[PDB]
Structures are given as C-alpha cells and as structure tokens.
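Structure, as structure tokens:
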Amino acid sequence: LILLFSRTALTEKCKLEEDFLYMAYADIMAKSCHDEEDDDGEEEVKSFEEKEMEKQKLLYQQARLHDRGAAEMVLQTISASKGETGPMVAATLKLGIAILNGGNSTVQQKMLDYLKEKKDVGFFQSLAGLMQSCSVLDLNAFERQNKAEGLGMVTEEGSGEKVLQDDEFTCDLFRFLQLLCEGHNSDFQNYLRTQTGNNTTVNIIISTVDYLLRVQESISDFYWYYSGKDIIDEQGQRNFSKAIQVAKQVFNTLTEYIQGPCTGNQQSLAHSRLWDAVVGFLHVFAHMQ
Amino acid sequence: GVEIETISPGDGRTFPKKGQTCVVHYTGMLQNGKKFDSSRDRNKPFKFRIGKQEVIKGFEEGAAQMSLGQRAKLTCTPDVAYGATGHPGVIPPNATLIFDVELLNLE
Amino acid sequence: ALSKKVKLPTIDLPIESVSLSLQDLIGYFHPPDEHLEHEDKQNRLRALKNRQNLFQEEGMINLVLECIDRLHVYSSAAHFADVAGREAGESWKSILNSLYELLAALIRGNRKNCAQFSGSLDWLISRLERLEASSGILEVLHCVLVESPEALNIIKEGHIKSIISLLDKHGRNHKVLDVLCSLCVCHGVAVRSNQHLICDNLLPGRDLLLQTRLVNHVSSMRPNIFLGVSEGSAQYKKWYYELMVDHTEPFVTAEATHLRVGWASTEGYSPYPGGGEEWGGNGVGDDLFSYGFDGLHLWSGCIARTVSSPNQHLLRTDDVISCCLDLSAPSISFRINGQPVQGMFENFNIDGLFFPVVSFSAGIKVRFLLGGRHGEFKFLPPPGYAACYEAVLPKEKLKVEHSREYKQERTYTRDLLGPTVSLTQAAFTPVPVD
Amino acid sequence: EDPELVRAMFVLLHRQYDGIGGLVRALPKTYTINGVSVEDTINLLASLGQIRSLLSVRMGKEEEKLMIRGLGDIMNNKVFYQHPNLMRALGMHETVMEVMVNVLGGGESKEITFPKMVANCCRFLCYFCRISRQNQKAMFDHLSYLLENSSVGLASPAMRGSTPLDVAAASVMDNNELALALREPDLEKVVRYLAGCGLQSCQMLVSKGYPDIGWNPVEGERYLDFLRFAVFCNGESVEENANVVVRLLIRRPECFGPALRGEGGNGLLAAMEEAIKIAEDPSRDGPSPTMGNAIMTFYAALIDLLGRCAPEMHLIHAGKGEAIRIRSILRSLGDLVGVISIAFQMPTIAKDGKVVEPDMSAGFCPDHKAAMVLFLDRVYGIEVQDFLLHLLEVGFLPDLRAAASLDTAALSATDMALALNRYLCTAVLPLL
Amino acid sequence: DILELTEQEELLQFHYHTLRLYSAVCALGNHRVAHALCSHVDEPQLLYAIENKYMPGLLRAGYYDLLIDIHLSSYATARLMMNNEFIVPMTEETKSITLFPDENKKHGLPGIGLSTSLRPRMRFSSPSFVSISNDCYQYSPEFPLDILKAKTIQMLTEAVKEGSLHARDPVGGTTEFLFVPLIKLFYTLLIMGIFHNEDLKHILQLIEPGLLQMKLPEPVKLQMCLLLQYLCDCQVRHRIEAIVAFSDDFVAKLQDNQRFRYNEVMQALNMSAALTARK
C-alpha cells in the first residue's frame, strides 16, 4: 500500500487529484497513532508505570508505520503539490505529525537521509508556497460578516465563518515543522537554511519570519479596528483565540529553530525582519493587558 | 415490379387483405448468395399492417399473388427498392434483393 | 544548400554523416524501457517530456516543421536518387517514420501543448496526400485524444475515404484498423462535432463492410456399387434406381437446408467441409462443377439456373425420385410422381469415373431402392433401362460406407484411416487383356 | 502487480469497513416523492439520464438540436419547480456548467454561437429564492470562473456584448447576503473588462470588421447593468460594495469623451446633444438617409450605477458616517450639476397623424429621463427650496405631451403613453 | 473453416482487430450503427461463439466485447450513472420493508429483496430492418433472456467445475481468456437486474462455500472486486429503503403529535404548513 501511494505521488500530474482512498487511509493512520488525549482527563497518575508504557507503545506504533516507508511517502506527497493549499496536503501533514509525535529521531534521520540522497528541490519550494498561501484574520471579511441580514445571522445561511481560511492547516504545518526539527537536531537545523548538497537554496527561516510579520500586522490591525469598542463579541473571542494560538505555534516553531546553539540560524534571525514583528507584538500587548 | 417464383404448394383460395396483420417469417438475401438479415433466427413473428406504407412496397407487390402457407422466392427491382442508394449500411446502391416471405397466419 | 540542383563537387553532400546524425538522434529519443525500476523510469520520462516541451517552444514557433517539410522533396522512387549522387532516398521510409515518431513524442509532452498538428489543415492534408506510413499519424491522433480531442474535426469524409481506400489497393496490415479505432470513442474520450459524422460515414462506403455466413452441416452418402466405365471395353451403360423420403420437415434450424438427390462430378468436387473463396461447398450441387437436384432449383456456384415444370413442390412425403443414365448419347431426365421434369443435362464427365451419391442434412429419413428384395421399386423402370443390381461383385454383400471420410462418431475406439480412395490406388479401371 | 487492482481492492475494503461513511454520504442524495408524481418524475429522470449520457461526449450539429429538444421536454415538467431541493441534490447545475466548459473549450474560437440552454436553465434555477437559496450559494462559487469567461453574443435575444452575464445577474437578483459576499478581485476584473470598451466606432455596428448585423449595439451596457445589480438590493444600497466599486471606477478613466478635450471626459452637455442629433434624424451611422442609441443608453446605465452607488442620506447616517467625502467626490464629477437642461428636453416627436403611421424605431426613451431624475434625487435632492424655485415641475415638455396624448385611439395611444405613464409613476421628486 | 485461425497468426490478429473496430465504432450509445452491426452478426452466431469451447481465446474475448458493446452498453451505463441518486417514492407498497426478514436479526441474502425504487423503463425495439425513426431504443434485436440466463448459469457452472479440477489444458487459450469474458458478461447482466430471485440464490450458493478459494489472475480479481462493490451497493440501497420506510411512519407520528398540541397564533388557523414548513 505504501509503495502504491509513493509511486502515485512520484508520477507527475501537474495537478492535485482528490484520491479519497489516500485521505481515508491517512486519517486511519493518524487516528491509529493518536492514542494520547493531550489533556488532563483523569487524576494525577504516576509518571513511570504508565508513562513509560505509553511512550513504548507510541514508539512501537511509529515503528510499525514508518518501517514500510511512510516517511518517504509523506515527503513525496508534500513535494507533489507545487505550493498549492489542498485537503490532501492537510492529511499528509496530519500523518506527519502523527508519526513524528514525541520527538522521534529515527524518522528524522530517515527523512534527512532521503532528502540528502535524492537531492530533492520541490520540497522546500512547496513549503514556501504553502507558507505564502496561508491565511490571516481578514478584517474586511469579518466586518462584512458582522453585518448580515440586518444584524447578526438572521439569514441562517450556514455555520461557516469565512474569517480564517486555514488555521488548523497552518497549525498542523508549523507543528510538523517544529517536530521535524525538535531535539536540537543540528544537521537538520542547518539543512533548512543552507542546503549545501542541493543546487537551489530556499530559506525556510525568512519565510517563517515573513509569516510572523504578516500575522503580527493582522493582529495589530484588528486591535486598531476594535479599539473604539468596549465589549467583546463571541466571534471576537473566537477570532482572538485562533490568532493567539497561531502566533503561539509560530513562536514555538521559531524557538525550536534556534533552541540549540546555532550561529548561522541566530544570525539569519538577527538579519531578518523579526524586530519589527516583536515591536508590533509589544505594542499590541501593552494595550491588551 | 416483382417476380414470384413459388417454391411451395399453396391452396390459392385464402389471400391477404387490407387492414389486418400478417405473420411473415422471411429471410433476406443480397445478390450472389450474400445475405444481410434473417427474421427466423430471432424466433419471433413479424407482423405488419397494410395501409400506412410502413414497409417497402416490394413486399406489398409480392404478397398479392401467393396464398397462405405458400413459400415464394422474390426479387426486388432497384427502382421499386428504397431508392438509388438504398438503406445506408446494409444495402448497396443499385442492387436487387432476394426474399423468402411465407404466410402462416392471418388475423 | 543543395536544393537548387547545384554541382556536386562544389559543396559536399555527406549522406553518411546525416544518416549517422539521424540514427544517433533516434536512439537519443529512446522510450524509457519500463522494465526497470519505477524511479529511474519516471525520472527519464520527466526529463524526456521537459526536453520535448522546451524543444517544441524553441523550435516550431516559426521553424523546424518548415525545415522538415522542405526536406520532404522525395516524390520519386529512384529518379532523384540517380539524379543527385548515387542514391538519395535509400532509407527514406525509416527516417520518415522515426521523424514522425519523435514529432508526436514532442507533441505529447506534459499534456498541455497540441497546436501545430491539431489546429491546422494544410499540414494534415500534406501528411494524407502521400499515405506510405501510418505510425506517426496514429501516435499523434492517440496523444491528442488522450490530452484533449480536437484534431478529429480536421478529418473530413475525404480523408476517411482515402484511408479506407488504402485497404483496397494495398493489402491488409492491421494498422489501418488500429488507426480507425483511434477515430472513435476510445472508451469515453469522444467528440460528436465530426467524429460521429465520420463514424456514420464509415457505413455507406461499403468498402469496409464484411459478410458472415452460418450454414448447417451436411454429408454425402454413396453405396458400394461402382460403375467402372472405361473406353473401348465398356460393359454396361444403363442404370435406374429410386429413393423414398418420409420425414422431410424444413425450417429445422434456418433456411440452409440441403437435400439433393442428383450426382456431382468426381473430379473437382471433394468431401471437404470448407475452403475456397466462393463459399466452397460440402454437398451435391454445391460447387461450380456440380448441378444438384432438389426438385425445384439447379444452382451451381450461386448462379440462378432454376427449371420450369408443372406442379413444382419440395420433395415432400410420398414423392418418388427416379434417375436415368446414358453414356453413348447424353440424355438425362428426372421423373417425379410419374411426370418427367425439364432440364436435360448433356456432355457430363464421360472421361473418367463417377459414382452414385446423395446428400442429406439433419432431420431427414431416406430409403434406398436399388432393386430385388432390398429395394422394392414403386414405379416400373423405363423401357431400355436396367435396375442398379447387375453390378454386384461375387463373394461379398452390398452395403453402405462412410464416403471416404476420416472418422465417424466413435466413443471408445480411436482409429486412423490411411489413404484409400477405393479398392485400387493408381486408377479405378478393370483389366481387360489379350 | 496492476496497481488499479490493488487500488480498487483497498477502496472496497475501506468502504466495507466504514459503512457509516457510505451511509452519511448517500443520505443527502436521497429524496422522497409522494404518490401521484412518480410518472412525472420518471420522465425527468430519463431526460436527465440522456443529458448525462451526452455530457461525457461532446456536441456537434444534430446533438445541439437533440439537447434543445430535451430541454424543451424538461421545461414542461410539473415537479421541476415543485421540488427545488431534489433539483439541487440531483446535480443538474454541475452538468450544465460542464456542458458550458465543453462548449467554450479553449476559448476565443466560438465554433457554435448558440447559447440558449444556459440562459433558460439559469433563469429557471434562480427564479425561486424564498426556498433553498443553497442553489444560488452553490452558483456563487462558480461565479468567479463565470465572470472570467464573459464572452460576447447571446442568441436568445439576438444581442451581443455579454453571453453569460445573465447568470450572474440572476445570481445577485435579490440577495443581500450574496451581494455582501462579493469580493474585490472580481470587481477589479469587471472594471478592467469595462475599461476595454473605450475604442471609437466608425460604422453602425462593427467589432473588428465585416459587419453582419447592424440593428442596435448594446455591448457597453451589460457590464454597467451587472454592476448595478451587484451594487444595489431590493430596497437598500450596500455601502461596502459601493465604496470599492466607485473607488475602482474612479481610479482609472474609462469613459471615452467624443466631444471634450484632455483627460477624463464624460461630458453630458455635448455628448447627449451629439447623440440626439445623430440618432433622431439619421440612422446609427453618420452618413445615412433620412453610434445611435448605444452611447446614450451607456450614459444612462452609468448614471444609474452612480446614483445607486451614492450612499443613502438621512436614513442611516446623515453627515456622521464618512459619506460626506464620497458625496463630494460624486459631486465633483458644473456639467453634472447642470443636467436639469438635459432632463428638460423632449426629443421624441410622436409623428403619427391621420394616415396610420405606426411603430417607432429611433424614439427617445423616458427611462433615461427617469435615470437622470433618480440620480438628481440620490445626489442632490429636492430638500432645498432652490431646486423647486428653479424647476417648479418634473418637466414641462413631457407633462404637456402626456396631457395632449389623451385619446381613445388604438394608434395614437398604447405605443408611447405607457412609457410616459411609467416615467410619471417613477417620478418621486415632488414627494418629500 | 472456422477453427483454422488457431494456426494462422496474422489472420487471427486481423480478425481480433476487426472485432475491436466493431466494438469501438458502436459504443457509448449509437442509433443506426448498432443495427448495421447486428446485420452482420446475429443472435445464433453470437450464441455459438460464446458457447463454443475450442474457439480461440482472442476471438472469444472479441465476440464477448462486441456483444456487450452492441446490446448491454447504453442501458448498463445509464443504470450505473443513476445508481448514485437513491430516489425512493412513497406508495402503499413501500411501507412493508424491514431491515431483517424476521425477528432474529438475520443478515439475509443481499441479492434478494424488495427495492421499490425508480428503475428506468426497459423498452426494446423491433425494427426488422423495415421501419423508420428508430432512434429511441435499447436493443436492436430481441435477445431471449429466458434462455440467455440459463445459458450463462450453465456455462458458469461448467467453468467453475473445470477450474476446480485445475486442468493443464484450459478451455480457450489460457486460464484467464476463458474466465474474464464470462465474468464480464455475468456482471453486466447482474447489474441490470436481469437475474431473478432463483438465479440470484444459485449464484450466491455458487460462491458461498468456492470461486474465491483457488488461484486467480489479476483481471479476474478486478471483476470479483467489481461484483463485490455491486453487492455492497445493493445492500446500501436496501438499508436506505428501510430507513426511509421507517422515517415515513416516524414523521407521520411527529406530525400527529404536533397536531395534538394546540399552538397557533396565525390568522389562517388549522393550516397544513404549521406542521413542517418554513413559511
């Protein structure tokens, strides 16, 4: 099955098909590896009798999935879409974060070896396209949606929002980036900026900084729009929570990029447009508080 | 128009009239032994009614001589056929047709 | 540079170098040889498609195809070969086929570029005006049909008739049909702008229409009585035998019901179930050399030779059949129910030998009445005639045989019968000596 | 081997494991017809099956006739307009869209110029909007591509200029939510499409050359009509769309001025007189025995769009809602102030008389005057005594004509009196 | 002859490509080409070609594909396209449908059941080559299905009996050339609802113990997957019919209960739209 998916993704199409079977099986695998609840749940359980067993079972499930070549399948499926946002890319990223949970190192080594031995160029370009295709708060869309059928949702057209086109997809993509670079992986940290073996170099760091600047500008514009009001709407609460979660995920991804001592990544951060983003965030915080 | 070569004995008293269906189990045949359609391999009766000219006039001109239970060999002039080109796809142009019409029942 | 019939030693004409270049180019466009692994095959296919698209864009926005068409000045088999150098078009067919194959491969590409060979009429009619090779046209039509079907509207009734006429003057090659399959639905990818027009136009031409037959199986029956007629030492010339039929229902399976009581020529007609361009024939009165007698119709080789006689009817129940034989003066007349019929047969196969035979189909019952106690003659023999009994050999009993076929329907035993037409091998004649 | 085999195998395995998924997917397709209407549903199902069978293959000469016959058979359907939910869930609109893509093909070829299915299907699908607006919501997604390929020439009214804009107009007929859901890029697209109609005209009707039909050109009015439908509502003017529409229209000059000088143009005081002197006595062409209505109709459509684009005053915001800036901008486009003289003239001439003389072909229409008075009411209004003291009437010549044209005659009346009556009905200037 | 083509390689290819052309010209529905093709090949010829044993494998598959593309092409395609609509009418006979035939919650036989859906009309044609305006049709000739079903069942039983023995010499050509066209014909006859209840019972009992136990090649597995998909689709259709049959009674009870409660403030009291209607 994994060979079938890999050979379907390897053959060029210049178009992302539907492939409902791929979606169903990626969802099945992601739910199979999602044994944990990632919440409080029960009371304070002891942290060695069950925690070690849970880690061992997660490692066993990840080994079962990736011993057949799941990592190569995920990389090929990501590189297949030439920077086009699609549900199949979302399913692939969900599978990636499902098999990369816990900061596994064997899958990271396998992906790095595959990328080095194949000299792939479409992966980084696809990642840059996905970053450029991400969404923002879209203040004008929220303003238009606020005034509907006189006031509110009197028309009852549907339960949709049309205020953040891709927020779960963006969070999944950045969680995949963080997990893929987790564990102070120095070679993988340096591989996202240089690509020495590759003929064409794409800087993921600058794209991440640009996306952070974009979301900071969007949040500041939302605050400036809402500065005249006094009470918080429920839609305002949901949009604020989504924006805060996306910004927190981007910040975590940036921390994992330079968590270990990496001179090149630190200099790239310093020479980027980070400082304007931090200035805007501080300006937002000083009045949010 | 048509030549009637009887190949079976007939009573000669019962004749097909106008306004009633006639059961005919024939077998078409082109020239030099070729054929194109048979109406007995399907094992179904072929019933047609006289008056609306839904069938070619060759059958009408050929069924006015033989009686019930009499098998005859028919020949169709291209002038009395469909036309200069005939039926497109099964009849060649300017070609005569051979039939083996037979009357069994009259209703 | 040598198109204008210039002097040969002035500017060189390196046929060997251009042949080597063409061979290297054709081997350079090799199909990816899919028997190897998927990764390398996919890489080769991607490189080939990108190369072909780029070559297209670089080449025939305004060039390449014009150069190839100007190169195609070979309109004579050997005149231009002799006029310019020793030979010019020694291998024109192979290079033309390979050039069209590479052209179609370039047209395929990434399924996004089909303009020159699919949106024009002059180049298509220039291709169709020669009609020597069909590999390139099939490839380009198949690729257009796969990508986006829009090159079939160019194909008109004239092109279809020209392609069909290729099967008439030139023998079948199974490639024309594989092309006409590509001018059809091809399981979904169809356009009814003109493809259905030409599909309906395939039928009235009747140069593609084929005829199929379905005939019942029949066998020939002969007794052991051999005439053994010779020249100079003849013994008997008169014979008379009759047969009876009781169950003779027609329409058992179809109109193809065979029931013949006459004779067929020994030389020319053989017990073979098929063969021949003119439908062959495996019964009496089936071939051109026989006549047959069903009582009404005497066709031979699909030729209308019916006779006229009063009270014409099939060989129904209680209908006698009589036969007459003569050797000095050819005069054969057939009498049914006491009334002789017309159709006198003259100058039969006097030279040689012939045997009494009869053909029959399924669901028939016939009786043999040769004479004596075995055969009771219903009607009296004509004057000057003798019954078919005097030609009985001693120390044997007359019976019927299998008419020199191979094997009948046997369940357990599986015997093989060797070459034995009759009692002798060289000639079937008596031995009068002095 | 044979990866299609393993693909089908695992598809079947997953589908048989996840029966709940098949159950939830199949249920929206299901419908339920009651009793008697089975017979009329069978014919509809057969017609749709024939359409779907012809969908995969393309259309030619007789196939267009077959499709039109099938559509004529499907129009006289009882349960067509009685079960809109079945019509939406049965996926006909996707079939018609795919047929449209097949007909258009690559584009800029127009092998067959006979769009009649699309207009009838769109109008009959969008006529009902009180129930199951989800069909219009679905067509809103296709609206972007539909506006992308807005070709010229519609066979149903024998007009040219915009083939599929009727579908868009029916899509934004009376839906305020759909109008609010409109975005900026498609408005930019239609603005650039309108900006391309600035080329001058030499003959009575010519696109590039070799004219065929020279009755009446309307190629410049369809875009304005679509913008008017997208900027207004049943009884309200959407300000969010109006602001971006007027900003895009004012950002670049696209209205060519055949009588003014310099950049800009849009001079009514000369162009209207040129139109009424070139269209009343002569034909649409210059040299003609004793442009046409196209230029004046285009100007009236632009005026209607601008008037409906102006924000409503003293109804929601009166001087405290940023509308002052846009009102001043609209006022700056004086020639626009001095349109009362334009509204005063009555260039119709009823002619007629004693010896029959029926039918008019080059008559001024009162709808254009209604457009001028609507623009005046929307922008300036009659809230001040100055306008009443300057005009004292909606019009002297039209009112005198209406007073004179009052007789029980089948030839003098029922030809122009209806238009004047409608124009007087639409005149609310003396009101308020 | 007819069997001499097993030696002549070129003539066998010629005839196979002629059959492929005949299949390709008349496909995806056609008006007059089907009749002209039926002029050349008739019912008894096709029946003997599909029932013969010594016939070459290529010609057998060609004749099978020709028969399917002439007769069972348009109707089967139309039914396949409509099979994803699930339009269930409400009459007096559509209420007697349950999820299980008994109270034991038995799964039951997927093939046998009561559908009461909106099936298309099976209207054939009887042209006899002397007629006019013969365009709306399904079958150019009148195939006798009563003997066709029996022939198909008999040949399927013979084929599975031969394959159970695992003979070295197959029927035609090899083990797949005799088996792929037979399953193709059986599948394209089963999807059209031609088979009756007893034929469905025989088919189900044929594979219940087995057809899936021996070794099969790839195309036979493809055909088996298609048959299983059709069976599961029939099960889904039965489930949907049972669901809507229960839903009619449930919504009737809900309407009765809502009518029992008195809550009306509109001027048009006791109106039908007060139960279930937006306005």
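Chains as they are written, first to last, in PDB author numbering: chain A, 3666 to 3954; chain B, 2 to 108; chain C, 435 to 868; chain D, 2075 to 2364, 2383 to 2425, 2429 to 2527; chain E, 1641 to 1849, 1891 to 1960. The beta-carbon is built from N, C-alpha and C at its ideal position, and this holds for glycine as well.
{"Check": "CB contact check: residue 543/C to chain D, cutoff 9 Å", "Outcome": "no"}
{"Check": "Endpoints, alpha helix (DSSP H) assigned at residue 609/C", "Outcome": "609-616"}
{"Check": "Neighbour list for residue 3690/A in chain D, Cβ cutoff strictly below 8 Å", "Outcome": "2084 and 2088"}
{"Check": "Through-space distance from residue 75/B to residue 31/B, alpha-carbon basis", "Outcome": "11 Å"}
{"Check": "Given residue 1791/E as reference, the closest of 1839/E, 1849/E and 1905/E once Cα atoms are compared", "Outcome": "1839/E"}
{"Check": "Within 9 Å, strictly: CB atoms of residue 1852/E and residue 1757/E", "Outcome": "Chain E lacks the residues between 1849 and 1891, and residue 1852/E is one of those with no coordinates."}
{"Check": "Below-9 Å beta-carbon distance, residue 1921/E vs any chain D residue", "Outcome": "yes"}
{"Check": "Beta carbon proximity, residue 1767/E to chain D, threshold 9 Å", "Outcome": "no"}
{"Check": "Chain-ordered chain C contacts of residue 3675/A [CB-CB under 8 Å]", "Outcome": "472, 473 and 476"}
{"Check": "Assigned exposure category for residue 2289/D - 16 Cβ within 10 Å defines buried", "Outcome": "exposed"}
{"Check": "Close-in-space but distant-in-sequence residues of the same chain around residue 1669/E (CB under 8 Å, 5 per side omitted)", "Outcome": "1713, 1714 and 1717"}
{"Check": "Inter-residue CB distance, residue 1752/E and residue 1837/E (contact presumed, cutoff 8 Å)", "Outcome": "5 Å"}
{"Check": "Complete runs of the alpha helix (DSSP H) confined to the region 3784-3848 of chain A [at least 4 residues]", "Outcome": "3787-3797, 3804-3811 and 3833-3845"}
{"Check": "CB contact flag (residue 788/C, residue 782/C, <9 Å)", "Outcome": "yes"}
{"Check": "Closer than 7 Å at the beta carbon, the chain D residues around residue 1731/E", "Outcome": "2109"}
{"Check": "Residue 655/C to residue 694/C span [Cα, whole Å]", "Outcome": "11 Å"}
{"Check": "Interface flag, residue 38/B vs chain C, CB-CB below 9 Å", "Outcome": "no"}
{"Check": "One or two residues paired with residue 23/B in a DSSP bridge", "Outcome": "49/B and 107/B"}
{"Check": "Contact with chain D by residue 1581/E, beta-carbon distance below 9 Å", "Outcome": "In the structure as shown, chain E starts at 1641 and stops at 1960, and residue 1581/E therefore has no counterpart that could be examined."}
{"Check": "Three-state class that DSSP yields for residue 3913/A in the structure shown", "Outcome": "helix"}
{"Check": "Top-ranked residue by Cα proximity to residue 512/C, from 659/C, 503/C, 505/C and 524/C", "Outcome": "524/C"}
{"Check": "Same chain, Cβ closer than 8 Å to residue 2518/D, five either side skipped, listed in chain order", "Outcome": "2461, 2462, 2464, 2465 and 2493"}
{"Check": "Stretch pair the region 3685-3703 of chain A + the region 489-497 of chain C: three plus CB contacts closer than 8 Å", "Outcome": "no"}
{"Check": "Neighbour-count burial assignment, residue 3732/A, 16 or more Cβ in a 10 Å radius", "Outcome": "exposed"}
{"Check": "Among 42/B, 91/B, 104/B and 8/B, nearest to residue 65/B - alpha-carbon criterion", "Outcome": "104/B"}
{"Check": "Where residue 480/C meets chain A, residues with beta-carbon distance less than 7 Å", "Outcome": "3677"}
{"Check": "From 1774/E, 1806/E and 1842/E, residue whose alpha carbon lies closest to that of residue 1793/E", "Outcome": "1842/E"}
{"Check": "Cβ neighbour criterion (16 or more within 10 Å) applied to residue 2403/D", "Outcome": "buried"}
{"Check": "Reduced DSSP secondary structure (H/G/I, E/B, other) of residue 2292/D", "Outcome": "coil"}
{"Check": "Interface residues of chain C facing residue 3672/A [CB-CB closer than 7 Å]", "Outcome": "472"}
{"Check": "Three-way DSSP call (helix, strand, coil) for residue 755/C in this model", "Outcome": "strand"}
{"Check": "Interface partners of residue 627/C on chain D, CB under 7 Å", "Outcome": "2132 and 2134"}
{"Check": "Positions along the region 1654-1666 of chain E whose CB lies within less than 7 Å of some CB in chain C", "Outcome": "1654, 1657, 1658, 1660, 1661, 1664 and 1665"}
{"Check": "Closer than 9 Å to chain E by CB, residue 612/C", "Outcome": "yes"}
{"Check": "Sub-9 Å separation of residue 688/C and residue 719/C beta-carbons", "Outcome": "no"}
{"Check": "Three-state secondary structure assigned by DSSP to residue 3722/A", "Outcome": "helix"}
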